[PDB]
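Student: Pasting in a structure now, in structure tokens, and then I'll have a few things to ask.
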Amino acid sequence: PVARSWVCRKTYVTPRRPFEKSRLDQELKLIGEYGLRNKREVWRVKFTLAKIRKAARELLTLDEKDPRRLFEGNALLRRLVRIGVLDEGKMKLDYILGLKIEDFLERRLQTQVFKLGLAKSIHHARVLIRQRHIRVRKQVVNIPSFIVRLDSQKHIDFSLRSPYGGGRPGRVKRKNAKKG
Amino acid sequence: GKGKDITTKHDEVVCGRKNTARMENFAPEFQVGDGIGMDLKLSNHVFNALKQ
Amino acid sequence: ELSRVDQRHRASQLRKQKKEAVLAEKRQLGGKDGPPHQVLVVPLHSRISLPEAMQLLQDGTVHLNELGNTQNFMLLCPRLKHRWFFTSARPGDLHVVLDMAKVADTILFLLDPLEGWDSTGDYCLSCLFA
Amino acid sequence: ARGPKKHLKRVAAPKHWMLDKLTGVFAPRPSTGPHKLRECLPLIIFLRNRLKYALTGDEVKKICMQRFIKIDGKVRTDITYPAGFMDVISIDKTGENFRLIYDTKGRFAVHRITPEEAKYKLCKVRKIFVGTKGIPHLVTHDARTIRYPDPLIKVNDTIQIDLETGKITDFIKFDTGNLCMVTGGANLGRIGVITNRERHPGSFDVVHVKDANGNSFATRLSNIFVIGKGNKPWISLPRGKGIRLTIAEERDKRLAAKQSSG
Amino acid sequence: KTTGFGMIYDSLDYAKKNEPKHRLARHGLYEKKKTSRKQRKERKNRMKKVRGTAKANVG
Amino acid sequence: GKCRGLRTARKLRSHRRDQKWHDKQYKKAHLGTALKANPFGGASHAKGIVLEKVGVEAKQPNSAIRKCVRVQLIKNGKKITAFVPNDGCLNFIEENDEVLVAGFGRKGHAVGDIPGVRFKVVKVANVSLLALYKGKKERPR
RNA sequence: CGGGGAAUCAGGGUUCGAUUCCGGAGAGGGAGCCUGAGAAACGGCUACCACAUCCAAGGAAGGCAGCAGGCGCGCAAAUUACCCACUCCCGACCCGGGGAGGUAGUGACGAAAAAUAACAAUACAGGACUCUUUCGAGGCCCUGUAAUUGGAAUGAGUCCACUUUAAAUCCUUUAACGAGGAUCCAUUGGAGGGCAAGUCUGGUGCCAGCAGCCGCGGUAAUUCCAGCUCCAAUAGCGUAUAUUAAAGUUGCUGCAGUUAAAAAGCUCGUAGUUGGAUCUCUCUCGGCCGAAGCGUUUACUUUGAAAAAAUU
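Chains as they are written, first to last, in the deposited numbering: chain J, 2 to 181; chain p, 157 to 208; chain u, 47 to 105, 109 to 179; chain E, 2 to 263; chain Y, 68 to 126; chain X, 2 to 142.
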């Protein structure tokens, strides 16, 4: 007997066909557009999307006036709206099925640094995210997979302790400035 | 490339064209034809069957 | 073989046989009828001084035999009912290590904490494996 | 097992204690007492989880053994004492009295009561025997054996009793049109008016009870505790009036609360 | 941010009475015994093996 | 055809188990003689001592000599032919040594060129043959 | 050992569950007891069996399927650590005890996140666009490659201080030093088809060997062995075994039986399985209702209350 929990999940599913050209094609294209480390990130996002779609498939089969369908579906639509995938106009459980992987990959903090102009390349966005230069509200996030919410999308800043932010230039400026 | 016009290593158009161009260097008894004048995109399963 | 008792009793017989073999093996060393247990000590790395560990290990009733260069002794304990004969070797001197490591019953290697072992000790250990 | 078990594992602990999953292997085994190990609240769980007064088990030791806690007007020093339903807890130093009443969702609420209200409690009579030279006895749900009751008191009724004197004061009879509370099953904590009691000789008397909002439900007979004569309860009630809000309208209330204060 | 828990006692004697002793030994108000468990247990079983006032002699 | 009534369950279930005993893979799992004649005794790996070296002749269209070894398992004492995997590795195996032997990969069926030899040596003297063939570690004795 | 349950899975199902929660059983094998509320108890006793320890040879003492550790068995599994501070339990008990439990150590069982480089200018190489018959020339065009140049930003590390804690360690927070790729250098499998990526170069020459299967090697070896280049996954990746989906190759959903594996030689016959059509609520006791019988009995369906937590 111990005071621990062993509950844990695998967040990806490997594809069944190992080397087919179109699958490797699509995954490499998404790696290029959204600047990712390996294929496990694409598999992770595809598995989360499969989770959401499987939930929607279990919810469509119920009757329209089912209380379970109503509550679970409205909560799921609220969740996908707050992430920044669906739209306030199309808040229906039918439209959840019409979702694509890049609609989730557009919400990563890497791409949100890239699009909003905080950086200039998506690999640049990743290298700024890892090195504690980008904050959200008041917390320095170091993870390039942070799914940024809609209310949280508005204010992403320079992380004032950073040299790009408030002050304190780093070790390289400090060393080169004391050369003479 | 970058952005959204990323033509990758495993592109079906480029790989098919390369498969036809690789088919052009077969043995002389093999009959190829004029698959370059028209655009061929010859897939790996088809080309692997032919190559075999 | 059937008859769960029969399979179990056959397994118990085989267990008895292999335990009798093991017990018959292990009394041949370090006991009242057995000869002494010879332990040869090699400090592999050059930083290690074998006298320090050699005096930590010497305490049991000791009998300090002596030679010209090497210093080996006899140990006897009725606490563990064990007779030991510790003999020390230097790496690099492949003569002594080779001709008395082929009769020693157990080799104890000493290793420095910071590095693995010396290159001379590496040569000695390669020869001893070989 | 060769004798009575003395430890309780945390995950085997009554779910309503809302114990954690990760603090330890064990849970407080409620001592033997006036209430079942499942239908009760050890004093330690009430003191260091519900009220946040103590932070460890050792601070509950330091509190209970100073003699501040009283259950039913008697000083109880046991840290795992089984405190249960309709139960009055008095702390004189803070000068505050709570009642343990079941919550809407089936848990124990902390229901702060007036010190005027702390003088009495309600006991559901469980059996009535006549022993030793024609002397009648009640056994209530707190195992309070009471001699010489009112002869009108029958089984499954309620008696309001005084804590200091230990004697009964007045009884509510089990009759249709009496406000009852459920003490078990899925309907636990829901409070409504009794409409029908149906008989099954041999098995358990199922009872149909109409809630305040018109949502009728049913229980077994043993899970019923009568409080109100008519519609007016004999005690004070939690922040919810005992009506079970369904999930969607609870979310409606939650969203309205977020809209109210921002 | 840094989040901690802090408690404020009324007088010092109440703090001596109610605090865990490891939080008193951080302020020097309390001194822990300096024997190891394994030593205190070997000693306990040793004096278990003896009966009478000779239980006090063993150490 | 099939018995297809509504009270026909025990006939269907008896039929299932009776006919399922004609399944080769199921019978091989559950007759229990395929786990009592199995030399490894349902083990992924066994450990043995080399009795002799053997050259097994190749099968008809393939012309070679495959370098095998007759080893004897420790745990029951059976005699097993094992195939030394890579080129020039039989010299690492010396007479009477501890060998860690695996299956060859077809689950009891003889694999490839070597006839009736269905095991391969993985380790010698508790050093892997892959390290010795790649010249990474040294074999003691 | 059973269950809660685990893996897989469209639907149906298949397989597993020694294993932290519940219930059971046993402390080497059997047996019999003492005391006590509770034991046929073994960190209690008495015997026999099998092992086995100290002898002064008269005797005495056992029981790690508790925690650490050893032997042995093996393909297969960690420290003779620290503490009752947390969780709870025991006692005469705001105090004592706790290898229950917590905490560190070993730990690539498995799981989550996530570095091994980013930008700019040049220097080439291509691709389009424009001007040029072409060759060629330009762009505030694109795309690559550069032990090319420039700066900035960082963490792995070494180290202080704080925090953490029972005392520590770790994570988190600060000063200090700390990065030009010719290293602070990423591996493991593969390049004949299945199956992604070479008819590239050298060696061996149906030898050695490779290869799950089909097959290759007998001299231009597309398969061996190296180099170079390249592919796959990526701090992971090979192999072996068991089991699952693929397998509608176990078929209830949903297989087959002329010729491919298969219908009994033929008929009777019991259990089994299956079986044509047919039929549209009240009398007494109590306050329009409550009690009492219902109606031949079931299958079926629907509702209700009971159904452990963890897992889902």
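In this text, a Cβ means the ideal position worked out from N, Cα and C, and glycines have one as well.
List the endpoints of the continuous beta strand (DSSP E) containing u:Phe-134.
Tutor: If you number the third sequence from 1, residue 134 of chain u lands on position 85. That run of the beta strand (DSSP E) goes 131 to 137.
Student: Under 8 Å between the Cβ atoms of E:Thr-177 and E:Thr-196?
Tutor: Here the question's residue 177 of chain E lines up with position 176 in the fourth sequence. Here the question's residue 196 of chain E lines up with position 195 in the fourth sequence. Contact flag set, yes.
Student: Could you tell me which chain u residues have their CB closer than 7 Å to the CB of X:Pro-141, listed as they occur along the chain?
Tutor: Residue 141 of chain X sits at position 140 when you count from the first residue of the sixth sequence. The contacting residues are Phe-178.
Student: By Cβ distance below 8 Å, which residues in the same chain neighbour u:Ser-95 in space, the five residues on each side in sequence not counted?
Tutor: The residue labelled residue 95 of chain u in the question sits at position 49 within the third sequence. Hits under 8 Å: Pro-89.
Student: If I measure Cβ to Cβ from u:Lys-130 and keep anything under 7 Å in the same chain, skipping five residues before and after, which residues do I get?
Tutor: The sequence position of residue 130 of chain u within the third sequence is 81, counting from 1. Same-chain partners within the cutoff: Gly-77.
Student: For the structure I just gave you, are there three or more beta carbon pairs, one from the stretch 91 to 98 of chain J and one from the stretch 155 to 165 of chain J, closer than 8 Å?
Tutor: No contact exists between the stretch 91 to 98 of chain J and the stretch 155 to 165 of chain J.
Student: Skipping 5 residues on each side, what residues in its chain have a beta carbon closer than 6 Å to that of E:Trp-18?
Tutor: Within the fourth sequence, numbered from 1, the residue matching residue 18 of chain E stands at position 17. Cβ within range, chain order: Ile-46.
Student: Based on DSSP bridge pairs, tell me the residues matched to E:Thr-115.
Tutor: As a position in the fourth sequence, residue 115 of chain E is number 114, starting the count at 1. BP columns for E:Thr-115 are empty, so no partner.
Student: Can you name the start and end residues of the beta strand (DSSP E) that X:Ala-47 belongs to?
Tutor: Numbered from 1 along the sixth sequence, position 46 holds the residue referred to as residue 47 of chain X. Looking at the DSSP string, the run of the beta strand (DSSP E) that includes X:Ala-47 is 46 to 58.
Student: Specify whether the stretch 182 to 194 of chain E and the stretch 212 to 227 of chain E touch according to this definition: at least 3 beta carbon pairs, one from each stretch, less than 8 Å apart.
Tutor: At 8 Å Cβ cutoff, the stretches touch.
Student: Which whole-angstrom value describes the C-beta separation of residue 1 of chain E and E:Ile-236, a residue pair presumed to lie in contact below a C-beta threshold of 8 Å?
Tutor: Because chain E spans 2 through 263 in this model, residue 1 of chain E falls outside it and cannot be assessed.
Student: Among E:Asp-206, E:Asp-59, E:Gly-107, which one has its Cα closest to the Cα of E:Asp-79?
Tutor: As a position in the fourth sequence, residue 79 of chain E is number 78, starting the count at 1. It is E:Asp-59.
Student: First and last residue of the alpha helix (DSSP H) that includes Y:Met-114?
Tutor: By 1-based counting over the fifth sequence, the position of residue 114 of chain Y is 47. Counting along the chain, the alpha helix (DSSP H) containing Y:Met-114 begins and ends at 104 to 115.
Student: Taking only beta-carbon positions, decide if u:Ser-175 is within less than 8 Å of chain X.
Tutor: Within the third sequence, the letter at position 126 stands for residue 175 of chain u. Yes, because at least one Cβ of chain X sits closer than 8 Å to the Cβ of u:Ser-175.
Student: Give the DSSP-derived three-state secondary structure of p:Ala-183 in the structure shown.
Tutor: Taking the second sequence and counting its residues from 1, the one referred to as residue 183 of chain p is at position 27. DSSP places p:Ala-183 in coil when its eight states are reduced to three.
Student: Decide if J:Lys-66 is buried, meaning its Cβ has at least 16 other Cβ atoms within 10 Å, or exposed.
Tutor: In the first sequence, the residue the question calls residue 66 of chain J occupies position 65. By the 10 Å Cβ count, J:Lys-66 comes out exposed.
Student: Could you run through the stretch 55 to 85 of chain E and flag, in chain order, every residue whose CB is less than 9 Å away from some CB of chain Y?
Tutor: So the close ones are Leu-56, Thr-57, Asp-59, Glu-60, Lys-63.
Student: Whole angstroms are fine: how far does the CA of X:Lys-12 sit from the CA of X:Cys-4?
Tutor: Position 3 of the sixth sequence, counted from the start, is the residue given in the question as residue 4 of chain X. Position 11 of the sixth sequence, counted from the start, is the residue given in the question as residue 12 of chain X. Roughly 8 Å between the two C-alpha positions.
Student: In angstroms, rounded to a whole number, what distance separates the CA positions of E:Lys-6 and E:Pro-31?
Tutor: Locating residue 6 of chain E in the fourth sequence gives position 5, where the first residue counts as 1. Locating residue 31 of chain E in the fourth sequence gives position 30, where the first residue counts as 1. Their backbone Cα atoms lie some 12 Å apart in a straight line.
Student: So, with DSSP's three-state summary, where would you put E:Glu-40?
Tutor: Counting from one through the fourth sequence, the residue named residue 40 of chain E turns up at place 39. Looking at E:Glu-40 - three-state DSSP - the assignment turns out to be coil, as it is neither helix nor strand.
Student: State the Cα-Cα distance for the pair X:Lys-76 and X:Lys-124, rounded to the nearest angstrom.
Tutor: Here residue 76 of chain X refers to the residue found at position 75 of the sixth sequence. Here residue 124 of chain X refers to the residue found at position 123 of the sixth sequence. Each residue's alpha carbon lies about 17 Å from the other.
Student: Is there contact between the stretch 29 to 40 of chain X and the stretch 89 to 97 of chain X, where contact requires at least three CB pairs shorter than 8 Å?
Tutor: Counting Cβ pairs under 8 Å, fewer than three are found: no touch.
Student: Quick one: give me the first and last residue of the beta strand (DSSP E) that u:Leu-113 is part of.
Tutor: As a working note, residue 113 of chain u is residue 64 in the third sequence. Note, u:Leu-113: beta strand (DSSP E), 110 to 113.
Student: Comparing C-alpha positions only, which one of u:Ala-179, u:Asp-161, u:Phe-178 sits nearest to u:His-91?
Tutor: Numbered from its first residue, the third sequence carries residue 91 of chain u at position 45. Out of u:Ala-179, u:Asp-161, u:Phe-178, u:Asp-161 has the C-alpha closest to the C-alpha of u:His-91.
Student: May I ask you to list, following chain order, the residues of the stretch 16 to 43 of chain E that have a beta carbon less than 7 Å from some beta carbon of chain J?
Tutor: Answer set for the stretch 16 to 43 of chain E: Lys-22, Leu-23, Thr-24, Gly-25, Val-26.
Student: On the criterion of 16 or more Cβ atoms from any shown chain inside 10 Å, does E:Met-87 qualify as buried, or is it exposed?
Tutor: Translated into positions along the fourth sequence, residue 87 of chain E becomes position 86. Looking at its Cβ environment, which holds 16 or more other Cβ atoms inside 10 Å, E:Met-87 is buried.
Student: Given that a residue counts as buried once 16 or more other Cβ atoms are within 10 Å of its Cβ, and exposed if not, what is u:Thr-155?
Tutor: As a working note, residue 155 of chain u is residue 106 in the third sequence. Label assigned to u:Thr-155: exposed.
Student: Are the beta-carbon atoms of J:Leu-60 and J:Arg-70 separated by less than 8 Å?
Tutor: Position 59 of the first sequence, counting from 1, holds the residue named residue 60 of chain J. Position 69 of the first sequence, counting from 1, holds the residue named residue 70 of chain J. A contact, by the Cβ cut-off of 8 Å.
Student: How many angstroms separate the CA atom of u:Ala-150 from the CA atom of J:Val-3?
Tutor: Against the third sequence, residue 150 of chain u aligns to sequence position 101. Against the first sequence, residue 3 of chain J aligns to sequence position 2. Going by the C-alpha atoms only, they are around 49 Å apart.
Student: Entirely within the stretch 136 to 172 of chain u and at least 4 residues each: give me those alpha helix (DSSP H) ranges in chain order.
Tutor: Counting whole runs of 4 or more residues, the stretch 136 to 172 of chain u contains the alpha helix (DSSP H) stretches 143 to 150.
Student: Kindly indicate which three-state DSSP category Y:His-94 falls into: helix, strand or coil?
Tutor: Counted from its first residue, the fifth sequence places residue 94 of chain Y at position 27. Of the three classes helix, strand and coil, the one that applies to Y:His-94 here is coil, per DSSP.
Student: In angstroms, rounded to a whole number, what distance separates the CA positions of J:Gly-181 and J:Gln-111?
Tutor: Numbered from its first residue, the first sequence carries residue 181 of chain J at position 180. Numbered from its first residue, the first sequence carries residue 111 of chain J at position 110. Going by the C-alpha atoms only, they are around 38 Å apart.
Student: For Y:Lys-111 and X:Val-122, I'd like the C-alpha separation in whole angstroms.
Tutor: As a working mapping, residue 111 of chain Y is identified with position 44 in the fifth sequence. As a working mapping, residue 122 of chain X is identified with position 121 in the sixth sequence. Between Y:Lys-111 and X:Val-122, the C-alpha separation is close to 56 Å.
Student: Just to confirm before moving on: does the CB-CB distance between E:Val-89 and E:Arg-100 stay below 8 Å?
Tutor: The residue you call residue 89 of chain E lines up with position 88 of the fourth sequence. The residue you call residue 100 of chain E lines up with position 99 of the fourth sequence. Yes, they are a contact pair.
Student: State the DSSP-derived secondary structure class of p:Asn-204, mapped to helix, strand or coil.
Tutor: Stepping through the second sequence from its first residue, residue 204 of chain p is reached at position 48. Three-state result, p:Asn-204: helix.
Student: By a C-beta neighbour count over all protein chains shown, 10 Å radius and 16 as the cutoff for buried, is p:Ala-205 buried or exposed?
Tutor: Position 49 of the second sequence, counting from 1, holds the residue named residue 205 of chain p. That one is exposed.
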